[PDB]
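Down below is the structure, laid out as structure tokens.
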Amino acid sequence: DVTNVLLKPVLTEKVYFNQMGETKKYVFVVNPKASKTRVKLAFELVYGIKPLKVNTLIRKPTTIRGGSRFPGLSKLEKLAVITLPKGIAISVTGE
Amino acid sequence: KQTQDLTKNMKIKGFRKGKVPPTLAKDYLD
Amino acid sequence: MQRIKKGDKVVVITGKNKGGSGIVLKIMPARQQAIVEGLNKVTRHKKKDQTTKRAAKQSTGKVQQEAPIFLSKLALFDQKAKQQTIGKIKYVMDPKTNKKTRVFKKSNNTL
Amino acid sequence: XXXXXXXXXXXXXXXXXXXXXXXXXXXXXXXXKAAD
Amino acid sequence: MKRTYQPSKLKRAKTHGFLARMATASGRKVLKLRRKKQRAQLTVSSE
Amino acid sequence: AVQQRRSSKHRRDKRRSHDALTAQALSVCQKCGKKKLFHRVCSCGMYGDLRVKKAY
Amino acid sequence: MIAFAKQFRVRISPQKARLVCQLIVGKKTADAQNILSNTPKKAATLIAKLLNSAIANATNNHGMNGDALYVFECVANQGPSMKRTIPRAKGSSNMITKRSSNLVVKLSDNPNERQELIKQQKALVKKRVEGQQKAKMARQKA
RNA sequence: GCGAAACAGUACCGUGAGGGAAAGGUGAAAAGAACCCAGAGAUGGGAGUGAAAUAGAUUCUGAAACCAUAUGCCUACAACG
RNA sequence: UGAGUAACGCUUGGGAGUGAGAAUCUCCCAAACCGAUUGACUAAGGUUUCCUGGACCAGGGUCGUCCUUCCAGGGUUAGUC
Ligand SMILES: [Mg+2]
Ligand SMILES: [Mg+2]
Ligand SMILES: [Mg+2]
Ligand SMILES: [Mg+2]
Ligand SMILES: [Mg+2]
Ligand SMILES: [Mg+2]
Ligand SMILES: [Mg+2]
Ligand SMILES: [Mg+2]
Ligand SMILES: [Mg+2]
Ligand SMILES: [Mg+2]
Ligand SMILES: [Mg+2]
Ligand SMILES: [Mg+2]
Ligand SMILES: [Mg+2]
Ligand SMILES: [Mg+2]
Ligand SMILES: [Mg+2]
Ligand SMILES: [Mg+2]
Ligand SMILES: [Mg+2]
Ligand SMILES: [Mg+2]
Ligand SMILES: [Mg+2]
Ligand SMILES: [Mg+2]
Ligand SMILES: [Mg+2]
Ligand SMILES: [Mg+2]
Ligand SMILES: [Mg+2]
Ligand SMILES: [Mg+2]
Ligand SMILES: [Zn+2]
């Protein structure tokens with residue numbers, strides 16, 4: 001509802017491999033506390049096309065910048081894979 | 001031609017060389 | 001108020017440059033410095049770096065810029081007086097506009 | 001060319017130095033050389 | 001050979017965890033002292 | 001067995017007196033001129049008058 | 001007129017490097033290069049680079065003839081070490097000291113270069129004695 | 001001097017309670033060495049800035065033990081706190 | 001100092017290539033061991049050690065152009081497990 005559970009879309013080789021061939025699959029990063037239903041609701045209120053299904057990924061924090069004078073940890077990411085129906089392809093940028 | 005020249009190296013954030021997008025190479029490195 | 005502002009004429013009273021006239025372009029209050037144009041010209045040995053659209057050329061040779069100067073070495077320059085001289089300033093408050101204005105103490109010149 | 005480093009942190013000779021805890025938890029036992 | 005320490009998530013958390021320490025007067029005394037020493041790793045719960 | 005007395009810095013060098021190195025015998029190639037250690041193929045693969053290996 | 005070249009933190013040991021440096025001190029340029037290029041030692045393809053750099057900056061920077069260079073002094077001073085813990089048996093441990101050498105090679109064109117060094121030292125000793133003597137008349141003057 | 005002048009109750013040790021360090025100083029100002037030479041490069045030698053570069057980032061001063069070089073003298077029938 | 005001494009902790013030959021540099025890196029051909037296992041799937045534990053590209057300060061008991069090391073980017077999809 002508040003639509004703070006859609007932080008940033010991410011574009012990688014896996015993402016672009018999916019974003020072709022009839023059904024498109026768009027991968028965003030979402031609030032780690034959000035649920036699948038909240039992700040679908042956010043997509044409903046801000047895009048307008050009902051996802052066919054939603055898959056979720058949790059990327060665990062790991063050590064980064066190892067050996068550097070001050071080492072630091074990573075940030076917890078939850079990934080969401082929206083899949084729109086046949087024949088529909090909306091743009092992530094431009095509204 | 002020009003798009004062939006602009007696909008060599010110049011690796012984008014999430015990618016490597018070779019499979020550079022055929023149409024999207026003017027956004028990050030503009 | 002402040003002794004030195006951005007814009008007023010200033011000279012140097014100590015160092016190699018004596019009677020060094022310039023215009024203050026910018027004031028760092030925290031480090032008590034002041035960049036004055038034409039004085040303390042240093043020439044950094046400009047390397048070559050190419051990692052950006054602008055860095056592809058980044059033509060830099062013997063660029064001479066401005067080094068900051070301690071605010072203590074600076075002294076305000078008089079202009080209204082027929083015989084220009086170096087002096088100290090006050091912080092009188094004129095009731096005409098109720099705004100603080102600097103006035104020299106060896107004369108009666110504002111700012 | 002194109003040899004540059006515009007990042008705020010960049011170095012090839014990474015600073016590191018190994019330390020020693022002087023772990024010497026050594027002991028010993030008895031013997032067959034006992035003259036009683 | 002079988003050394004003394006055989007790791008296990010469940011056993012470690014149930015013996016030296018925060019909830020295990022916050023169940024008796026002795027554990028409360030230990031945590032206050034560890035807070036006095038300003039230990040970054042208060043218990044084994046935090047990595 | 002372990003030293004009950006320390007060996008000075010002079011006895012050490014007296015023992016090391018026989019550790020000096022020897023200069024290996026060198027000769028001149030008859031087709032390129034560089035010095036090569038004796039009885040061995042030069043850098044050009046030219047031993048005497050015989051083309052041995054392809055040029056470096 | 002001594003030209004020189006240096007190398008800090010050379011991986012070779014000074015002990016295992018002095019054996020090679022003693023094979024080139026006092027030797028002519030071409031013969032030293034020829035001798036050092038065919039010696040089967042680790043500290044031979046590193047002293048060669050230092051020697052070559054020294055020749056280059058002697059005939060380019062300081063402007064010397066190039067047909068008069070002889071190895072004046074090639075030495076391997078003791079460099080900083082690094083301490084590591086080698087795990088021994090029965091729980092003990094020892095300290096392995098990877099030792100490093102600071103290499104410096106020096107060549108001259110004049111075969112009498114030691115005389116000038118003794119001369120400067122002689123000049124230095126004399127300046128100390130002259131000051132004492134100059135101080136003594138002044139002490140007597142007052 | 002508080003264990004801790006630096007990001008110290010940290011790194012690290014132990015299952016745990018607990019135990020527990022070392023490490024400061026370029027230059028007035030980075031003006032941190034463009035350029036040339038050797039090298040694959042780091043780097044070194046010049047050039048340049050600077051009063052000083054043997055103040056060069058290994059950055060106030062730099063002791064001894066220790067390791068090398070050299071002028072001069074002595075030493076291969078010699079029992080040596 | 002011991003001392004450049006002991007030790008370097010079970011596995012061969014060649015051809016081609018990269019590279020400034022190759023017994024140690026890549027490919028190929030053999031060769032030798034495992035084969036109720038050095039084969040394959042997982043629990044526990046480990047916690048990115050997984051993939052790509054680059055590097056050879058440090059570590060690899062030698063070497064290294066190479067690494068489970070370092071840098072940058074990426075990788076883990078459940079109504080039925
Ligand atoms: Mg899931
Ligand atoms: Mg000696
Ligand atoms: Mg010997
Ligand atoms: Mg053991
Ligand atoms: Mg210098
Ligand atoms: Mg010093
Ligand atoms: Mg005699
Ligand atoms: Mg006799
Ligand atoms: Mg007697
Ligand atoms: Mg006697
Ligand atoms: Mg000892
Ligand atoms: Mg020794
Ligand atoms: Mg022995
Ligand atoms: Mg032996
Ligand atoms: Mg042996
Ligand atoms: Mg082995
Ligand atoms: Mg073998
Ligand atoms: Mg068999
Ligand atoms: Mg197996
Ligand atoms: Mg790691
Ligand atoms: Mg890999
Ligand atoms: Mg690689
Ligand atoms: Mg090695
Ligand atoms: Mg299904
Ligand atoms: Zn030849």
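By order in the structure tokens, chains are A, B, ...; within a chain, residues start at 1; ligands start at 1, following the order shown.
Backbone DSSP over stretch 13-50 of chain F yields helix (DSSP H, G or I) at residues 13, 14, 15 and 16 of chain F.
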Give as an MDAnalysis selection string the residues surrounding ligand 22 up to a distance of 12 Å, considering only C-alpha atoms (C1' of nucleotides) and all ligand atoms.
-> chainID I and resid 25:26 51:56 65:67 69:71
Can you list, as JSON, numbers by chain, every protein, DNA or RNA residue that comes within 9 Å of stretch 17-31 of chain E when you count only C-alpha atoms (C1' of nucleotides), leaving out same-chain residues fewer than 4 positions away?
-> {"E": [12, 13, 35, 36, 42, 43, 44, 45], "H": [17]}
Long-range neighbours of residue A:43 as a PyMOL selection string, 12 Å cut-off, only C-alpha atoms (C1' of nucleotides), 2 positions minimum in chain | chain A and resi 1-6+26+28+30+36-41+45-54+80-84+90+92
Convert the current residue selection to file output with N, CA, C and O atoms, as a short mmCIF file (atom, residue, chain, number, x, y, z; two decimals), in the first residue's frame.
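Listed below is the output, result-v1.cif:
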```
data_model
loop_
_atom_site.label_atom_id
_atom_site.label_comp_id
_atom_site.auth_asym_id
_atom_site.auth_seq_id
_atom_site.Cartn_x
_atom_site.Cartn_y
_atom_site.Cartn_z
N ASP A 1 0.83 -1.20 0.00
CA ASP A 1 0.00 0.00 0.00
C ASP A 1 0.86 1.26 0.00
O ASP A 1 0.81 2.06 -0.93
N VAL A 2 1.66 1.42 1.06
CA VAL A 2 2.59 2.53 1.14
C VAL A 2 3.63 2.48 0.03
O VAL A 2 4.20 3.52 -0.33
N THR A 3 3.87 1.30 -0.54
CA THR A 3 4.81 1.11 -1.65
C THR A 3 6.20 1.61 -1.23
O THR A 3 6.81 2.48 -1.85
N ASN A 4 6.65 1.11 -0.08
CA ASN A 4 8.07 1.17 0.27
C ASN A 4 8.73 -0.19 0.15
O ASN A 4 9.89 -0.34 0.56
N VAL A 5 8.03 -1.18 -0.39
CA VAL A 5 8.56 -2.53 -0.52
C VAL A 5 9.08 -2.79 -1.93
O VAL A 5 9.31 -3.94 -2.29
N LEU A 6 9.24 -1.75 -2.74
CA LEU A 6 9.83 -1.84 -4.07
C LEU A 6 10.99 -0.85 -4.11
O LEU A 6 10.81 0.30 -4.50
N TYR A 26 10.59 -10.04 -14.43
CA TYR A 26 11.28 -8.86 -13.94
C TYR A 26 11.70 -9.08 -12.49
O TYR A 26 10.88 -9.47 -11.66
N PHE A 28 13.16 -7.52 -9.06
CA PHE A 28 13.35 -6.34 -8.22
C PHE A 28 13.94 -6.75 -6.88
O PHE A 28 14.04 -7.94 -6.56
N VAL A 30 13.17 -6.03 -2.79
CA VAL A 30 12.00 -5.66 -2.01
C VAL A 30 12.39 -5.57 -0.54
O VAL A 30 13.50 -5.91 -0.15
N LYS A 36 4.99 -12.28 -0.06
CA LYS A 36 4.63 -12.40 -1.47
C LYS A 36 3.37 -11.59 -1.78
O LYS A 36 3.30 -10.91 -2.81
N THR A 37 2.36 -11.68 -0.91
CA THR A 37 1.11 -10.96 -1.14
C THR A 37 1.34 -9.45 -1.16
O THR A 37 0.74 -8.73 -1.96
N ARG A 38 2.20 -8.95 -0.26
CA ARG A 38 2.53 -7.52 -0.27
C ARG A 38 3.23 -7.13 -1.57
O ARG A 38 3.01 -6.03 -2.09
N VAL A 39 4.09 -8.00 -2.09
CA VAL A 39 4.77 -7.71 -3.35
C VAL A 39 3.76 -7.62 -4.49
O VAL A 39 3.82 -6.72 -5.33
N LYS A 40 2.81 -8.56 -4.53
CA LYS A 40 1.77 -8.51 -5.56
C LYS A 40 0.92 -7.26 -5.41
O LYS A 40 0.58 -6.61 -6.41
N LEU A 41 0.58 -6.89 -4.18
CA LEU A 41 -0.22 -5.69 -3.96
C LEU A 41 0.52 -4.43 -4.39
O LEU A 41 -0.06 -3.54 -5.02
N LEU A 45 -0.80 -1.79 -7.28
CA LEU A 45 -1.08 -0.37 -7.10
C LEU A 45 -0.13 0.56 -7.85
O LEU A 45 -0.43 1.76 -7.93
N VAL A 46 0.98 0.07 -8.39
CA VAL A 46 1.94 0.95 -9.05
C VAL A 46 2.20 0.58 -10.50
O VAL A 46 2.75 1.42 -11.24
N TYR A 47 1.84 -0.61 -10.96
CA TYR A 47 1.98 -0.93 -12.38
C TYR A 47 0.65 -1.18 -13.08
O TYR A 47 0.36 -0.53 -14.09
N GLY A 48 -0.17 -2.09 -12.56
CA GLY A 48 -1.49 -2.31 -13.11
C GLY A 48 -1.73 -3.68 -13.71
O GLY A 48 -2.86 -3.96 -14.11
N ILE A 49 -0.72 -4.54 -13.81
CA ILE A 49 -0.88 -5.87 -14.39
C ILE A 49 -0.60 -6.91 -13.31
O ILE A 49 0.46 -6.88 -12.67
N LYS A 50 -1.55 -7.81 -13.12
CA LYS A 50 -1.46 -8.83 -12.08
C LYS A 50 -0.34 -9.83 -12.37
O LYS A 50 -0.33 -10.43 -13.45
N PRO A 51 0.62 -10.02 -11.46
CA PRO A 51 1.64 -11.06 -11.67
C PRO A 51 1.01 -12.45 -11.74
O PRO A 51 0.04 -12.75 -11.05
N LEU A 52 1.59 -13.29 -12.60
CA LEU A 52 1.15 -14.68 -12.68
C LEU A 52 1.60 -15.48 -11.46
O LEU A 52 0.83 -16.28 -10.92
N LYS A 53 2.84 -15.27 -11.02
CA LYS A 53 3.32 -15.84 -9.77
C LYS A 53 4.54 -15.05 -9.32
O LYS A 53 5.14 -14.31 -10.10
N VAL A 54 4.90 -15.21 -8.05
CA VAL A 54 6.02 -14.49 -7.46
C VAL A 54 6.93 -15.50 -6.77
O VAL A 54 6.46 -16.36 -6.02
N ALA A 80 12.74 -10.45 -5.72
CA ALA A 80 11.39 -10.85 -6.12
C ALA A 80 11.35 -10.98 -7.63
O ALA A 80 11.83 -10.10 -8.35
N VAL A 81 10.77 -12.08 -8.11
CA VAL A 81 10.71 -12.37 -9.54
C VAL A 81 9.27 -12.31 -10.02
O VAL A 81 8.54 -13.31 -9.93
N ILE A 82 8.85 -11.16 -10.51
CA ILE A 82 7.51 -11.01 -11.07
C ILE A 82 7.49 -11.60 -12.48
O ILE A 82 8.46 -11.46 -13.23
N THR A 83 6.38 -12.24 -12.84
CA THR A 83 6.17 -12.76 -14.19
C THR A 83 4.81 -12.30 -14.71
O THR A 83 3.77 -12.67 -14.15
N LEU A 84 4.82 -11.43 -15.72
CA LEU A 84 3.59 -10.95 -16.31
C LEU A 84 3.02 -11.95 -17.32
O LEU A 84 3.75 -12.79 -17.86
N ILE A 90 5.74 -4.37 -19.91
CA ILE A 90 5.74 -2.99 -19.48
C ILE A 90 7.17 -2.56 -19.19
O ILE A 90 8.06 -3.38 -18.96
N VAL A 92 10.10 -0.66 -17.00
CA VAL A 92 10.38 -0.34 -15.60
C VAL A 92 10.61 1.16 -15.43
O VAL A 92 10.36 1.71 -14.35
#
```
Given the choices H:16, H:32, H:3, H:41, which gets closest to chain C if the distance is worked out from only C-alpha atoms (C1' of nucleotides)?
-> H:32
Give one line per residue of chain E that approaches chain I to at most 10 Å, naming the two atoms of the closest pair and their distance in Å to one decimal, counting only C-alpha atoms (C1' of nucleotides); sort by chain then ascending residue number and deliver it as JSON lines.
```
{"residue": "E:6", "atom": "CA", "partner": "I:45", "partner_atom": "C1'", "distance": 8.7}
{"residue": "E:7", "atom": "CA", "partner": "I:45", "partner_atom": "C1'", "distance": 6.5}
{"residue": "E:8", "atom": "CA", "partner": "I:45", "partner_atom": "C1'", "distance": 7.1}
{"residue": "E:9", "atom": "CA", "partner": "I:45", "partner_atom": "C1'", "distance": 8.7}
```
Which residues of chain A come within 12 Å of chain I, and for each one, what is the closest pair of atoms and their distance in Å to one decimal, counting only C-alpha atoms (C1' of nucleotides), sorted by chain and residue number, as a tab-separated table?
```
residue	atom	partner	partner_atom	distance
A:10	CA	I:74	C1'	11.8
A:11	CA	I:74	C1'	10.9
A:12	CA	I:74	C1'	7.8
A:13	CA	I:74	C1'	8.4
A:14	CA	I:75	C1'	9.1
A:15	CA	I:74	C1'	11.3
A:18	CA	I:77	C1'	11.9
A:25	CA	I:77	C1'	11.1
A:27	CA	I:77	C1'	10.5
A:53	CA	I:77	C1'	10.7
A:54	CA	I:77	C1'	8.6
A:55	CA	I:77	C1'	5.2
A:56	CA	I:77	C1'	6.2
A:57	CA	I:77	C1'	6.5
A:58	CA	I:76	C1'	8.2
A:59	CA	I:76	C1'	7.7
A:60	CA	I:48	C1'	9.5
A:61	CA	I:48	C1'	9.4
A:62	CA	I:48	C1'	6.8
A:63	CA	I:48	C1'	8.4
A:64	CA	I:48	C1'	10.1
A:65	CA	I:71	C1'	9.1
A:66	CA	I:70	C1'	8.7
A:67	CA	I:70	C1'	8.4
A:68	CA	I:70	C1'	10.3
A:74	CA	I:48	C1'	11.5
A:78	CA	I:77	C1'	11.5
A:79	CA	I:77	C1'	9.2
A:80	CA	I:77	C1'	8.6
A:81	CA	I:77	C1'	7.4
A:82	CA	I:77	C1'	10.5
A:83	CA	I:77	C1'	11.6
```
Keeping only N, CA, C and O atoms, take the residues you just selected and write them out as a CSV table (one decimal), in the first residue's frame.
```
chain,number,residue,atom,x,y,z
A,10,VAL,N,16.8,-4.6,-10.5
A,10,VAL,CA,18.2,-5.0,-10.8
A,10,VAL,C,18.2,-5.7,-12.1
A,10,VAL,O,17.3,-6.5,-12.5
A,11,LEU,N,19.3,-5.5,-12.9
A,11,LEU,CA,19.4,-6.0,-14.2
A,11,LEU,C,20.7,-6.8,-14.4
A,11,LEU,O,21.8,-6.2,-14.3
A,12,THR,N,20.6,-8.1,-14.5
A,12,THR,CA,21.8,-8.9,-14.7
A,12,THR,C,21.6,-9.9,-15.9
A,12,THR,O,20.5,-9.8,-16.6
A,13,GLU,N,22.6,-10.7,-16.1
A,13,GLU,CA,22.5,-11.7,-17.2
A,13,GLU,C,21.3,-12.6,-17.0
A,13,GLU,O,20.6,-12.9,-18.0
A,14,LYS,N,21.2,-13.1,-15.8
A,14,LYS,CA,20.0,-14.0,-15.5
A,14,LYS,C,18.7,-13.3,-15.8
A,14,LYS,O,17.8,-13.8,-16.3
A,15,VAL,N,18.6,-12.0,-15.3
A,15,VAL,CA,17.4,-11.2,-15.5
A,15,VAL,C,17.1,-11.0,-17.0
A,15,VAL,O,15.9,-11.2,-17.4
A,18,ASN,N,15.8,-14.1,-18.7
A,18,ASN,CA,14.4,-14.3,-18.5
A,18,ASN,C,13.5,-13.3,-19.2
A,18,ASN,O,12.4,-13.6,-19.7
A,25,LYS,N,10.0,-12.0,-17.1
A,25,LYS,CA,10.3,-12.1,-15.7
A,25,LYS,C,11.1,-10.9,-15.3
A,25,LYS,O,12.3,-10.8,-15.7
A,27,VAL,N,13.0,-8.8,-12.2
A,27,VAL,CA,13.5,-9.1,-10.9
A,27,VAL,C,13.8,-7.7,-10.2
A,27,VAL,O,14.6,-6.9,-10.7
A,53,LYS,N,2.8,-15.3,-11.0
A,53,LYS,CA,3.3,-15.8,-9.8
A,53,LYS,C,4.5,-15.1,-9.3
A,53,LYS,O,5.1,-14.3,-10.1
A,54,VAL,N,4.9,-15.2,-8.0
A,54,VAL,CA,6.0,-14.5,-7.5
A,54,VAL,C,6.9,-15.5,-6.8
A,54,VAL,O,6.5,-16.4,-6.0
A,55,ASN,N,8.2,-15.4,-7.0
A,55,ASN,CA,9.3,-16.1,-6.3
A,55,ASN,C,10.2,-15.2,-5.6
A,55,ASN,O,10.4,-14.0,-6.0
A,56,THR,N,10.7,-15.7,-4.5
A,56,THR,CA,11.5,-14.8,-3.6
A,56,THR,C,12.8,-15.4,-3.3
A,56,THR,O,13.0,-16.6,-3.2
A,57,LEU,N,13.9,-14.5,-3.2
A,57,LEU,CA,15.2,-14.9,-2.9
A,57,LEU,C,15.7,-14.1,-1.7
A,57,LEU,O,15.5,-12.9,-1.7
A,58,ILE,N,16.4,-14.8,-0.8
A,58,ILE,CA,17.1,-14.1,0.3
A,58,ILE,C,18.6,-14.3,0.2
A,58,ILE,O,19.0,-15.5,0.2
A,59,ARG,N,19.3,-13.2,0.0
A,59,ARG,CA,20.8,-13.3,-0.2
A,59,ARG,C,21.4,-13.0,1.2
A,59,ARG,O,21.2,-11.9,1.7
A,60,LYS,N,22.1,-14.0,1.7
A,60,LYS,CA,22.7,-13.8,3.1
A,60,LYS,C,23.8,-12.8,3.1
A,60,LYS,O,24.5,-12.7,2.1
A,61,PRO,N,24.0,-12.1,4.2
A,61,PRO,CA,25.2,-11.2,4.2
A,61,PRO,C,26.5,-12.0,4.3
A,61,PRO,O,26.5,-13.1,4.9
A,62,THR,N,27.5,-11.5,3.7
A,62,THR,CA,28.8,-12.1,3.7
A,62,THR,C,29.9,-11.0,3.8
A,62,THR,O,29.6,-9.8,3.7
A,63,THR,N,31.1,-11.4,4.2
A,63,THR,CA,32.2,-10.5,4.4
A,63,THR,C,32.5,-9.8,3.0
A,63,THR,O,32.6,-10.5,2.0
A,64,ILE,N,32.7,-8.5,3.0
A,64,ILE,CA,33.1,-7.8,1.8
A,64,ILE,C,34.3,-6.9,2.2
A,64,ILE,O,34.5,-6.6,3.3
A,65,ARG,N,35.1,-6.5,1.2
A,65,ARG,CA,36.3,-5.8,1.3
A,65,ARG,C,37.2,-6.4,2.4
A,65,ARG,O,37.7,-5.8,3.3
A,66,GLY,N,37.4,-7.7,2.2
A,66,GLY,CA,38.3,-8.4,3.1
A,66,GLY,C,39.8,-8.1,3.0
A,66,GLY,O,40.2,-7.8,1.9
A,67,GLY,N,40.5,-8.0,4.1
A,67,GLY,CA,41.8,-7.6,4.1
A,67,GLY,C,42.1,-6.1,4.1
A,67,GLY,O,43.1,-5.7,4.5
A,68,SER,N,41.1,-5.3,3.7
A,68,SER,CA,41.2,-3.9,3.8
A,68,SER,C,41.2,-3.5,5.3
A,68,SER,O,40.7,-4.2,6.1
A,74,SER,N,28.1,-7.3,4.3
A,74,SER,CA,27.2,-6.9,3.2
A,74,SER,C,25.9,-6.5,3.7
A,74,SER,O,25.7,-6.3,4.9
A,78,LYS,N,16.4,-9.1,-0.3
A,78,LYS,CA,15.3,-10.0,-0.8
A,78,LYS,C,15.0,-9.7,-2.2
A,78,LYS,O,14.7,-8.5,-2.5
A,79,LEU,N,15.1,-10.7,-3.1
A,79,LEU,CA,14.8,-10.6,-4.5
A,79,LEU,C,13.4,-11.1,-4.8
A,79,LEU,O,13.0,-12.1,-4.2
A,80,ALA,N,12.7,-10.4,-5.7
A,80,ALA,CA,11.4,-10.8,-6.1
A,80,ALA,C,11.3,-11.0,-7.6
A,80,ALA,O,11.8,-10.1,-8.4
A,81,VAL,N,10.8,-12.1,-8.1
A,81,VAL,CA,10.7,-12.4,-9.5
A,81,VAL,C,9.3,-12.3,-10.0
A,81,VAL,O,8.5,-13.3,-9.9
A,82,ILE,N,8.8,-11.2,-10.5
A,82,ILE,CA,7.5,-11.0,-11.1
A,82,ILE,C,7.5,-11.6,-12.5
A,82,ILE,O,8.5,-11.5,-13.2
A,83,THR,N,6.4,-12.2,-12.8
A,83,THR,CA,6.2,-12.8,-14.2
A,83,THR,C,4.8,-12.3,-14.7
A,83,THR,O,3.8,-12.7,-14.2
```
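With atom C1' of residue I:15 on one side and atom CA of residue F:56 on the other, the separation reads 17.6 Å.
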Residues of chain A that have any atom at most 12 Å from an atom of chain H: could you tabulate them with the shortest-distance atom pair and the distance in Å to one decimal, using only C-alpha atoms (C1' of nucleotides), ordered by chain and increasing number, as a Markdown table?
```
| residue | atom | partner | partner_atom | distance |
| --- | --- | --- | --- | --- |
| A:69 | CA | H:7 | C1' | 9.6 |
| A:70 | CA | H:7 | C1' | 7.8 |
| A:71 | CA | H:7 | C1' | 10.7 |
```
Determine which residues of chain G sit within 10 Å of chain F, taking into account only C-alpha atoms, and present them as a ChimeraX atom specification.
-> /G:18-20,22-24,31,33-40
Would you mind exporting the chosen residues as a compact mmCIF listing (two decimals), in the first residue's frame, restricted to C-alpha atoms?
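result-v7.txt written:
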```
# COMPACT_ATOMS: atom_id res chain seq x y z
CA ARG G 18 77.32 -12.00 -1.49
CA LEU G 19 78.63 -15.20 -3.14
CA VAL G 20 77.49 -13.83 -6.50
CA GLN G 22 82.07 -11.43 -5.06
CA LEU G 23 82.21 -12.84 -8.59
CA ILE G 24 81.69 -9.42 -10.22
CA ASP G 31 82.91 -9.46 -19.01
CA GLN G 33 77.60 -9.06 -18.02
CA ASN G 34 78.88 -12.11 -19.91
CA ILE G 35 79.86 -13.93 -16.69
CA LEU G 36 76.62 -13.15 -14.84
CA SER G 37 74.36 -14.15 -17.74
CA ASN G 38 75.51 -17.81 -17.63
CA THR G 39 75.68 -18.53 -13.88
CA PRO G 40 73.03 -21.01 -12.66
```
Run DSSP on the backbone and grab whatever in chain F lands in strand (DSSP E or B); send it over as a list in words.
->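 Selecting the strand (DSSP E or B) positions of chain F gives residues 26, 27, 28, 35, 36, 37, 46, 47, 50 and 51 of chain F.
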Could the residues in this selection be saved with C-alpha atoms as a compact mmCIF listing (two decimals), in the first residue's frame?
```txt
# COMPACT_ATOMS: atom_id res chain seq x y z
CA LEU F 26 82.74 -19.49 -21.35
CA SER F 27 83.45 -19.39 -25.08
CA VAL F 28 82.39 -17.40 -28.15
CA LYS F 35 79.40 -15.79 -24.82
CA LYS F 36 78.09 -19.27 -24.03
CA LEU F 37 79.22 -21.75 -21.41
CA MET F 46 74.11 -23.13 -33.42
CA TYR F 47 76.66 -25.64 -32.13
CA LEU F 50 75.20 -27.56 -37.23
CA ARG F 51 71.77 -25.90 -37.23
```
Can you work out the spacing between atom CA of residue F:41 and atom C1' of residue I:14 in Å, to one decimal?
-> 20.9 Å
Please indicate the distance in Å from atom CA of residue D:8 to atom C1' of residue H:29, rounded to one decimal place.
-> 23.6 Å
Select the residues contacting ligand 7 at a distance of at most 10 Å, based on only C-alpha atoms (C1' of nucleotides) and all ligand atoms, then format the selection as a ChimeraX atom specification.
-> /H:75-78
Contact table chain G vs chain I, cut-off 10 Å, shortest pair per residue, only C-alpha atoms (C1' of nucleotides), as a Markdown table:
```
| residue | atom | partner | partner_atom | distance |
| --- | --- | --- | --- | --- |
| G:13 | CA | I:4 | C1' | 9.8 |
| G:15 | CA | I:4 | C1' | 8.0 |
| G:16 | CA | I:4 | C1' | 7.9 |
| G:45 | CA | I:21 | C1' | 9.7 |
| G:86 | CA | I:61 | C1' | 9.3 |
```
List all protein, DNA and RNA residues that have any atom at most 10 Å from ligand 4, counting only C-alpha atoms (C1' of nucleotides) and all ligand atoms, and write the list as a ChimeraX atom specification.
-> /G:87-92
Just the selected residues (N, CA, C and O atoms), exported as a tab-separated table (two decimals), in the first residue's frame, please.
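Output (result.tsv):
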```
chain	number	residue	atom	x	y	z
G	87	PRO	N	54.32	-24.25	12.37
G	87	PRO	CA	53.83	-25.19	13.39
G	87	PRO	C	54.72	-26.41	13.49
G	87	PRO	O	54.91	-27.15	12.52
G	88	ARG	N	55.28	-26.63	14.68
G	88	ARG	CA	56.17	-27.75	14.94
G	88	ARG	C	55.35	-28.93	15.47
G	88	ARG	O	54.12	-28.95	15.40
G	89	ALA	N	56.04	-29.94	16.00
G	89	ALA	CA	55.38	-31.12	16.52
G	89	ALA	C	55.09	-30.97	18.01
G	89	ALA	O	55.71	-30.16	18.71
G	90	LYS	N	54.13	-31.76	18.48
G	90	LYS	CA	53.75	-31.82	19.90
G	90	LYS	C	53.31	-30.46	20.42
G	90	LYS	O	53.49	-30.15	21.60
G	91	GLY	N	52.72	-29.65	19.56
G	91	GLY	CA	52.15	-28.38	19.96
G	91	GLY	C	53.11	-27.22	20.00
G	91	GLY	O	52.68	-26.09	20.30
G	92	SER	N	54.40	-27.44	19.73
G	92	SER	CA	55.35	-26.34	19.77
G	92	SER	C	55.27	-25.51	18.48
G	92	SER	O	54.47	-25.79	17.59
```
Residue G:10: which residues within 8 Å, counting only C-alpha atoms (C1' of nucleotides), same-chain residues fewer than 4 positions away excluded, as a ChimeraX atom specification?
-> /G:100-103
